[PDB]
Amino acid sequence: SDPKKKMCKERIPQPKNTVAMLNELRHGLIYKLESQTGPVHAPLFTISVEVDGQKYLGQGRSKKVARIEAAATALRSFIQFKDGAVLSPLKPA
């Protein structure tokens, strides 16, 4: 099927997003949709952000979500507090 979200003029105003955090940390970050799949009720978007040579992957139900997910991984790669969270999807098919 492939539900191709063509509308990118819709903002879905949700600041405090990790992608903004990444822009405060390191430049050269490219958020690119490497793969798009999933159902129509909740498709799976796979955004890859390449930062400092490390490609961080984020998989969400929209480009926006996936972009956030990608940046989240990147953030903890730079600064890492006493999080110790095992919340990290390792290739979830």
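As shown above, the structure is provided for reference.
Residues numbered from 1 in each chain as written, not as in the entry; some residues may be left out. Heavy atoms only, no water.

*Asks:* Explanation requested: the overall build of the chain in the structure shown.
*Replies:* The helix and strand tally for the chain stands at two helices and three strands. Along the chain, helices and strands appear, N-terminal first, in the series α-β-β-β-α. For a compact globule of 93 residues, the expected C-alpha radius of gyration is about 12 Å, and the chain comes in at 13 Å, within 12% of that figure. Principal axes of the C-alpha set define a box for the chain whose edges measure 40 × 30 × 25 Å. Looking at the 93 residues of the chain, the share that counts as buried comes to 26%. (Helix = DSSP H or I, 4+ residues; strand = E, 2+ residues; numbered from the N terminus. Rg over C-alpha atoms; globule rule 2.2 N^0.38 Å. Buried < 20%, exposed > 50% of the residue type's maximum accessible area, 1.4 Å probe, protein only.)

*Asks:* Please clarify how a nonpolar patch on the surface should be interpreted in this entry.
*Replies:* On the surface, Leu 25, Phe 78, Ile 79 and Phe 81 cluster together into a nonpolar patch covering about 390 Å² of accessible area. Mapping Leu 25 onto the fold places it in helix α1 (residues 18–25). Note on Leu 25: relative accessible area 38%, which makes it partly exposed. (Patch = residues over 30% accessible without salt bridge, like charges linked within 9 Å, V, L, I, M, F, W, Y side chains within 5 Å. Areas by Shrake-Rupley, 256 points an atom, 1.4 Å probe, with all protein chains shown as cover. Salt bridge = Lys/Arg side-chain N within 4 Å of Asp/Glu carboxyl O.)

*Asks:* Even after reading the chapter, I still don't get helix α2 (residues 63–78), so can you show me in this structure?
*Replies:* At 3.6 residues per turn, the α-helix brings residues three or four places apart onto the same side. In a regular helix each residue adds 1.5 Å, so 16 residues correspond to 22 Å; α2 covers 23 Å between its end C-alpha atoms and thus fits that length. All buried positions along α2 are accounted for by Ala 66, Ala 70, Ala 71, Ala 74 and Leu 75. Packing partners of the buried residues in α2 comprise α1, β1 (30–37), β2 (44–51) and β3 (54–60). (Expected span 1.5 Å × (residues − 1). Contact = heavy atoms within 4.5 Å.)

*Asks:* Looking at this structure, how should I read the environment of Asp 2?
*Replies:* Considering the arrangement of structural elements, one finds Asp 2 in the segment before α1. For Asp 2, a relative accessible area of 45% corresponds to the partly exposed category. Measuring from C-alpha to C-alpha, the distance between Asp 2 and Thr 37 comes to 6.1 Å, with 35 residues separating the pair along the chain.

*Asks:* I would appreciate a short explanation of the pattern of salt bridges in the present structure.
*Replies:* Where charged atoms from two side chains of opposite charge approach closely, those side chains can pair. Applying the stated criterion to the full structure yields five salt bridges. We note a salt bridge from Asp 52 to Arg 26, for which the minimum N-O separation is 2.6 Å. With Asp 52 in the loop between β2 and β3 and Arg 26 in the loop between α1 and β1, this residue pair connects regions lying 26 residues apart in the sequence. Assessed through its relative accessible area of 49%, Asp 52 is described here as partly exposed. Relative accessible area serves as the criterion here: at 40%, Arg 26 is assigned to the partly exposed category. Across the pair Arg 76 and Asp 83 runs a salt bridge, and its minimum N-O distance is 2.7 Å. Overall, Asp 83 belongs to the partly exposed group, its relative accessible area being 42%.

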